[PDB]
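Asker: What follows is a structure written as structure tokens; I'll ask about it next.
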Amino acid sequence: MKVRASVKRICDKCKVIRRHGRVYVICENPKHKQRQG
Amino acid sequence: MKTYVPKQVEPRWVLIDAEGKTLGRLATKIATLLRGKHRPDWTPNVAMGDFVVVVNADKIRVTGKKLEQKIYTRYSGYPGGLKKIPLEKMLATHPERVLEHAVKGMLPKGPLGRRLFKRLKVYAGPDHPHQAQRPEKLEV
Amino acid sequence: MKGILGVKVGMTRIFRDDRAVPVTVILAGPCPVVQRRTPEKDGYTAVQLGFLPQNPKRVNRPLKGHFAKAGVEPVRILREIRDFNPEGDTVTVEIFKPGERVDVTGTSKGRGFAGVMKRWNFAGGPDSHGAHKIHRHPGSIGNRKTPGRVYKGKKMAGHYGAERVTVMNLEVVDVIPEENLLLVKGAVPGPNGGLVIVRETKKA
Amino acid sequence: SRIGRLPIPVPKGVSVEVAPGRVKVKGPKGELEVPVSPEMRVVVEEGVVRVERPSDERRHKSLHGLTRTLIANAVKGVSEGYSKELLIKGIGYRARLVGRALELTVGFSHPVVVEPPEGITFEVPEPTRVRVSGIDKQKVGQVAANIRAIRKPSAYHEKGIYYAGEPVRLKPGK
Amino acid sequence: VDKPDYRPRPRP
RNA sequence: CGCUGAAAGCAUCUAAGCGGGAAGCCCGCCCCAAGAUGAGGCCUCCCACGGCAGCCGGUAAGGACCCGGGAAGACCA
RNA sequence: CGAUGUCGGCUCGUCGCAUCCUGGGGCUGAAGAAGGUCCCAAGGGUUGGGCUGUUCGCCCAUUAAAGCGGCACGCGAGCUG
RNA sequence: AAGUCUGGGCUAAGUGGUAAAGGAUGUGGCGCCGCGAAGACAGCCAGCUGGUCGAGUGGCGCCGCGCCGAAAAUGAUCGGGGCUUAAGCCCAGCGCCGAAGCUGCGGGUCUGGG
Ligand SMILES: [Mg+2]
Ligand SMILES: [Mg+2]
Ligand SMILES: [Mg+2]
Ligand SMILES: [Mg+2]
Ligand SMILES: [Mg+2]
Ligand SMILES: [Mg+2]
Ligand SMILES: [Mg+2]
Ligand SMILES: [Mg+2]
Ligand SMILES: [Mg+2]
Ligand SMILES: [Mg+2]
Ligand SMILES: [Mg+2]
Ligand SMILES: [Mg+2]
Ligand SMILES: [Mg+2]
Ligand SMILES: [Mg+2]
Ligand SMILES: [Mg+2]
Ligand SMILES: [Mg+2]
Ligand SMILES: [Mg+2]
Ligand SMILES: [Mg+2]
Ligand SMILES: [Mg+2]
Ligand SMILES: [Mg+2]
Ligand SMILES: [Mg+2]
Ligand SMILES: [Mg+2]
Ligand SMILES: [Mg+2]
Ligand SMILES: [Mg+2]
Ligand SMILES: [Mg+2]
Ligand SMILES: [Mg+2]
Ligand SMILES: [Mg+2]
Ligand SMILES: [Mg+2]
Ligand SMILES: [Mg+2]
Ligand SMILES: [Mg+2]
Ligand SMILES: [Mg+2]
Ligand SMILES: [Mg+2]
Ligand SMILES: [Mg+2]
Ligand SMILES: [Mg+2]
Ligand SMILES: [Mg+2]
Ligand SMILES: [Mg+2]
Ligand SMILES: [Mg+2]
Ligand SMILES: [Mg+2]
Ligand SMILES: [Mg+2]
Ligand SMILES: [Mg+2]
Ligand SMILES: [Mg+2]
Ligand SMILES: [Mg+2]
Ligand SMILES: [Mg+2]
Ligand SMILES: [Mg+2]
Ligand SMILES: [Mg+2]
Ligand SMILES: [Mg+2]
Ligand SMILES: [Mg+2]
Ligand SMILES: [Mg+2]
Ligand SMILES: [Mg+2]
Ligand SMILES: [Mg+2]
Ligand SMILES: [Mg+2]
Ligand SMILES: [Mg+2]
Ligand SMILES: [Mg+2]
Ligand SMILES: [Mg+2]
Ligand SMILES: [Mg+2]
Ligand SMILES: [Mg+2]
Ligand SMILES: [Mg+2]
Ligand SMILES: [Mg+2]
Ligand SMILES: [Mg+2]
Ligand SMILES: [Mg+2]
Ligand SMILES: [Mg+2]
Ligand SMILES: [Mg+2]
Ligand SMILES: [Mg+2]
Ligand SMILES: [Mg+2]
Ligand SMILES: [Mg+2]
Ligand SMILES: [Mg+2]
Ligand SMILES: [Mg+2]
Ligand SMILES: [Mg+2]
Ligand SMILES: [Mg+2]
Ligand SMILES: [Mg+2]
Ligand SMILES: [Mg+2]
Ligand SMILES: [Mg+2]
Ligand SMILES: [Mg+2]
Ligand SMILES: [Mg+2]
Ligand SMILES: [Mg+2]
Ligand SMILES: [Mg+2]
Ligand SMILES: [Mg+2]
Ligand SMILES: [Mg+2]
Ligand SMILES: [Mg+2]
Ligand SMILES: [Mg+2]
Ligand SMILES: [Mg+2]
Ligand SMILES: [Mg+2]
Ligand SMILES: [Mg+2]
Ligand SMILES: [Mg+2]
Ligand SMILES: [Mg+2]
Ligand SMILES: [Mg+2]
Ligand SMILES: [Mg+2]
Ligand SMILES: [Mg+2]
Ligand SMILES: [Mg+2]
Ligand SMILES: [Mg+2]
Ligand SMILES: [Mg+2]
Ligand SMILES: [Mg+2]
Ligand SMILES: [Mg+2]
Ligand SMILES: [Mg+2]
Ligand SMILES: [Mg+2]
Ligand SMILES: [Mg+2]
Ligand SMILES: [Mg+2]
Ligand SMILES: [Mg+2]
Ligand SMILES: [Mg+2]
Ligand SMILES: [Mg+2]
Ligand SMILES: [Mg+2]
Ligand SMILES: [Mg+2]
Ligand SMILES: [Mg+2]
Ligand SMILES: [Mg+2]
Ligand SMILES: [Mg+2]
Ligand SMILES: [Mg+2]
Ligand SMILES: [Mg+2]
Ligand SMILES: [Mg+2]
Ligand SMILES: [Mg+2]
Ligand SMILES: [Mg+2]
Ligand SMILES: [Mg+2]
Ligand SMILES: [Mg+2]
Ligand SMILES: [Mg+2]
Ligand SMILES: [Mg+2]
Ligand SMILES: [Mg+2]
Ligand SMILES: [Mg+2]
Ligand SMILES: [Mg+2]
Ligand SMILES: [Mg+2]
Ligand SMILES: [Mg+2]
Ligand SMILES: [Mg+2]
Ligand SMILES: [Mg+2]
Ligand SMILES: [Mg+2]
Ligand SMILES: [Mg+2]
Ligand SMILES: [Mg+2]
Ligand SMILES: [Mg+2]
Ligand SMILES: [Mg+2]
Ligand SMILES: [Mg+2]
Ligand SMILES: [Zn+2]
């Protein structure tokens, strides 16, 4: 998981979801998984 | 003429079903009743309020996410002795304290203020031991 | 949960499988139940046990009353065991078989006014290199203007010992029912002649 | 573009009783209650159940599709019922039944014995296939995930507990 | 860290 | 980290709901503790005194004083 | 400035967490073992020596680890000097 | 001490009640194009075209209010309790409370006019 102030889509298959008051970015590629913070 | 000051009268007893009422908005009225500020002969330097019996305090109700976010706090005087207790848990363990803390913070500080708090009888569960006083059902 | 009153009698080692095993001998039996605490009456469950026979010349009327309502000889010591309800009217050492692990409570030896070194295992001061009358003193006890006070709980000199102490999970090495002895492996709070409580262990 | 207003076929013959905030779906395989938002109104038509929302704002739209599917899944549950299949891949790895219970031998120093909760039935055809079956779709799915959790698919080898229809994507070893 | 005295050592 | 699942026919651990998950948090262990003036509870004992929620006087059950001591202790306890 | 005693050590702690270890995680150019990197976590723990007044630092031998800070650069009506 | 006052609206963070670049399918309200009953977007059956689904769908910008970014040392807290169609925020009202200011009544002293 990456934890950043700037979470962005990295590849066309990335997906910005919002869960529990937090912006995540989940994806098929494990490297792309992000959490804001 | 000098302002009327009442001699000691028989204090009224009162019953309130806390069930489904919003914690704070009920506490306020209980406090007023405790101060006797509903009585036209109110006097600020003696206890002449009502006695207030509250039932179903375990079913007090509350808005927002306060059930898991509202923190009750206790400092013991010892290093690291700050205890934090959530609403949810207070209800789960000592539910009457929830409403008791609320009213207490809305009564005056000082000796009289402590005496008024004493006339507040609060119970979890529909019943109360004070049928002896036969307290008047109040809708609030 | 089960328990018994008793007095600490002394220490020895016995031999068991080519091993020396340190033991404390305890005289536990026999303890008559003189009251039972019940949820409908007392709100909790326990047994008030009596221990050691007393000269009726020394037992007063409110005390006599209590004993008689239980049909019991005047006893010197009255003490409860919680969540213990023996089928009998009398509790003896036989409720403990060897191999069981037990919890022993007694009154620790009193050191009276104890310095900070004995009490709290402080380091004290140097005995040379300029040390000035501080060889057994406790050092600093605080900070400065912030917080400008001393913590509740600050370890300081003061009375030490003569307090309730429980040591836990002691082995029952043997039991001699004909003499009301219990043999427990290791050390037990307090002096010989000291009253001790023996309960089945709370450890697992 | 819509789930909540798409009607729910009810097979002959399962019954759908409607109470405030819940619906009871009884059928050939058993019964199960579905809690429903007191804001949504579920309707009992002929051979069909429908769900209607009281406005077109966000919260009501969000409950709508949810409520419809909750009931649709309940319906299929008591008629066809649900199941999920688990493939066990890896050499020493195998599974077997012991009474109602399922015993995984999946490479630990011990075997794992999964007890089935109420409404759940275990099956072992081959020693390498397991079927978790029941009328509660969320419950079956749960237990299935549970079984899989015991020994997830390795990332390097085609070894472990797999979902049927789960693709074996692996990364190279040194 | 070594900083300089601001106050002398106390004399009789 | 998931199950079920819309808004968004797909997808989504979440918006309804439900699981898993730390030496950490609550209980559990040990010790203090009803001055907890919110001063609690049980067992047992005394008792229905003479004089004009008060006073004085003798008692009850009980306590203290004094004394012999004490792995209790600075005195006190 | 009609006085707020000043570095270092000792003794005694206590808090923070930007976590040295231990516990729990995600990603890894993660085969295993062992690392990296980020997240959660402050409950406990965080050794003995040589040199220097030293704080610090370097070195020896270990270790799960040999954490960084605040408390008048914590603490001289507590000692040292 | 005086409104749990009235009417319209936003906010779900206890935001209100302590901060920045910057990041975001948070929410509400404007605006602009792209596409589509010559059948679009999604799903399922093929090769950016096809087929049944039968509707809406995708991108850009602006406005309000919120979210993250947000770690520090004794015990916490918006002054406290407590507050969620509000006891928060925006717009518009009526009424009250509130000072040794203003008024009423009485008194003093100086100054000025009688
Ligand atoms: Mg990161
Ligand atoms: Mg970036
Ligand atoms: Mg892109
Ligand atoms: Mg969560
Ligand atoms: Mg995805
Ligand atoms: Mg109310
Ligand atoms: Mg309300
Ligand atoms: Mg009222
Ligand atoms: Mg409510
Ligand atoms: Mg809540
Ligand atoms: Mg503590
Ligand atoms: Mg501690
Ligand atoms: Mg703290
Ligand atoms: Mg503690
Ligand atoms: Mg505490
Ligand atoms: Mg005041
Ligand atoms: Mg033997
Ligand atoms: Mg009981
Ligand atoms: Mg009990
Ligand atoms: Mg029991
Ligand atoms: Mg004892
Ligand atoms: Mg000495
Ligand atoms: Mg000593
Ligand atoms: Mg000691
Ligand atoms: Mg030393
Ligand atoms: Mg020494
Ligand atoms: Mg000297
Ligand atoms: Mg000298
Ligand atoms: Mg000396
Ligand atoms: Mg000082
Ligand atoms: Mg202070
Ligand atoms: Mg003592
Ligand atoms: Mg102890
Ligand atoms: Mg005990
Ligand atoms: Mg052992
Ligand atoms: Mg052992
Ligand atoms: Mg539609
Ligand atoms: Mg799964
Ligand atoms: Mg799947
Ligand atoms: Mg390769
Ligand atoms: Mg001098
Ligand atoms: Mg998944
Ligand atoms: Mg799914
Ligand atoms: Mg679906
Ligand atoms: Mg939810
Ligand atoms: Mg929500
Ligand atoms: Mg959970
Ligand atoms: Mg799981
Ligand atoms: Mg441990
Ligand atoms: Mg005790
Ligand atoms: Mg007591
Ligand atoms: Mg008492
Ligand atoms: Mg007690
Ligand atoms: Mg109190
Ligand atoms: Mg009383
Ligand atoms: Mg008492
Ligand atoms: Mg008794
Ligand atoms: Mg008499
Ligand atoms: Mg008389
Ligand atoms: Mg007498
Ligand atoms: Mg004596
Ligand atoms: Mg002694
Ligand atoms: Mg003596
Ligand atoms: Mg004396
Ligand atoms: Mg000066
Ligand atoms: Mg001076
Ligand atoms: Mg001065
Ligand atoms: Mg040194
Ligand atoms: Mg020293
Ligand atoms: Mg030294
Ligand atoms: Mg030393
Ligand atoms: Mg401190
Ligand atoms: Mg520390
Ligand atoms: Mg420190
Ligand atoms: Mg860092
Ligand atoms: Mg290091
Ligand atoms: Mg680790
Ligand atoms: Mg770690
Ligand atoms: Mg890692
Ligand atoms: Mg590895
Ligand atoms: Mg490698
Ligand atoms: Mg892994
Ligand atoms: Mg390798
Ligand atoms: Mg990095
Ligand atoms: Mg780093
Ligand atoms: Mg870092
Ligand atoms: Mg952290
Ligand atoms: Mg820690
Ligand atoms: Mg701490
Ligand atoms: Mg520390
Ligand atoms: Mg050293
Ligand atoms: Mg040398
Ligand atoms: Mg050295
Ligand atoms: Mg050095
Ligand atoms: Mg350095
Ligand atoms: Mg140097
Ligand atoms: Mg060098
Ligand atoms: Mg290691
Ligand atoms: Mg070192
Ligand atoms: Mg270092
Ligand atoms: Mg340090
Ligand atoms: Mg410092
Ligand atoms: Mg400084
Ligand atoms: Mg200093
Ligand atoms: Mg220092
Ligand atoms: Mg100082
Ligand atoms: Mg000095
Ligand atoms: Mg010094
Ligand atoms: Mg001083
Ligand atoms: Mg000292
Ligand atoms: Mg209103
Ligand atoms: Mg937030
Ligand atoms: Mg707030
Ligand atoms: Mg805030
Ligand atoms: Mg900004
Ligand atoms: Mg963008
Ligand atoms: Mg929007
Ligand atoms: Mg916006
Ligand atoms: Mg299509
Ligand atoms: Mg925040
Ligand atoms: Mg933090
Ligand atoms: Mg702070
Ligand atoms: Mg309004
Ligand atoms: Mg004036
Ligand atoms: Mg005038
Ligand atoms: Mg003048
Ligand atoms: Mg004139
Ligand atoms: Zn991606």
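Labels used: A, B, ... for chains in the order of the structure tokens, numbers from 1 for residues in each chain, and numbers from 1 for ligands as shown.
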Counting only C-alpha atoms (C1' of nucleotides) and all ligand atoms, name the residues that have an atom within 10 Å of an atom of ligand 117; the answer should be given as JSON, numbers by chain.

Answerer: {"H": [25, 26, 27, 28, 29]}

Asker: Mind listing the strand (DSSP E) residues of chain D, per DSSP on the backbone, as an NGL selection string?

Answerer: :D and (8-9 or 15-19 or 22-27 or 30-35 or 41-45 or 48-52 or 82-89 or 94-98 or 101-105 or 112-114 or 121-123 or 129-134 or 160-163)

Asker: Counting only C-alpha atoms (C1' of nucleotides) and all ligand atoms, name the residues that have an atom within 8 Å of an atom of ligand 114; the answer should be given as an MDAnalysis selection string.

Answerer: chainID H and resid 14:15 17

Asker: May I have the residues within 12 Å of residue 59 of chain H as number ranges by chain, using only C-alpha atoms (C1' of nucleotides) and disregarding those fewer than 6 positions away in the same chain?

Answerer: H: 32-35

Asker: Take the selection from the previous step and output its residues with C-alpha atoms (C1' of nucleotides), as a PDB file, in the first residue's frame.

Answerer:
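What follows is the written file part23.pdb:
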ATOM      1  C1'   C H  32     -20.974  23.756 -21.699  1.00  0.00           C
ATOM      2  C1'   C H  33     -20.159  20.411 -25.314  1.00  0.00           C
ATOM      3  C1'   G H  34     -19.661  14.446 -27.134  1.00  0.00           C
ATOM      4  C1'   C H  35     -23.005  10.440 -28.119  1.00  0.00           C
TER       5        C H  35
END

Asker: Contacts from chain H to chain D, 12 Å maximum, only C-alpha atoms (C1' of nucleotides): show me the residue list as a ChimeraX atom specification.

Answerer: /H:27-28,41-43,53-57

Asker: Hey, can you spit out that residue selection with C-alpha atoms (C1' of nucleotides) as a PDB file, in the first residue's frame?

Answerer:
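Written output follows (part-v5.pdb):
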ATOM      1  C1'   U H  27     -22.842  16.543  -1.371  1.00  0.00           C
ATOM      2  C1'   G H  28     -25.961  20.135  -3.373  1.00  0.00           C
ATOM      3  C1'   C H  41     -23.207   3.934 -22.077  1.00  0.00           C
ATOM      4  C1'   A H  42     -23.036  -1.072 -19.017  1.00  0.00           C
ATOM      5  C1'   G H  43     -23.597  -6.415 -19.357  1.00  0.00           C
ATOM      6  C1'   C H  53     -31.285  -4.930 -24.004  1.00  0.00           C
ATOM      7  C1'   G H  54     -34.501  -0.079 -24.321  1.00  0.00           C
ATOM      8  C1'   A H  55     -32.855   4.107 -22.496  1.00  0.00           C
ATOM      9  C1'   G H  56     -30.347   7.884 -21.260  1.00  0.00           C
ATOM     10  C1'   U H  57     -24.974   8.197 -21.193  1.00  0.00           C
TER      11        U H  57
END

Asker: For chain H, report every residue with an atom at most 12 Å from chain A (counting only C-alpha atoms (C1' of nucleotides)), formatted as a list in words.

Answerer: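 Listed by rising number, the hits are residues 12, 13, 21, 22, 23, 24, 25, 26, 66, 67, 68, 69 and 70 of chain H.
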
Asker: Find the residues of chain G in contact range of chain E, meaning any atom within 8 Å when counting only C-alpha atoms (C1' of nucleotides), and list them as a list in words.

Answerer: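 That gives the following set of residues: residues 5, 6, 7, 55 and 73 of chain G.
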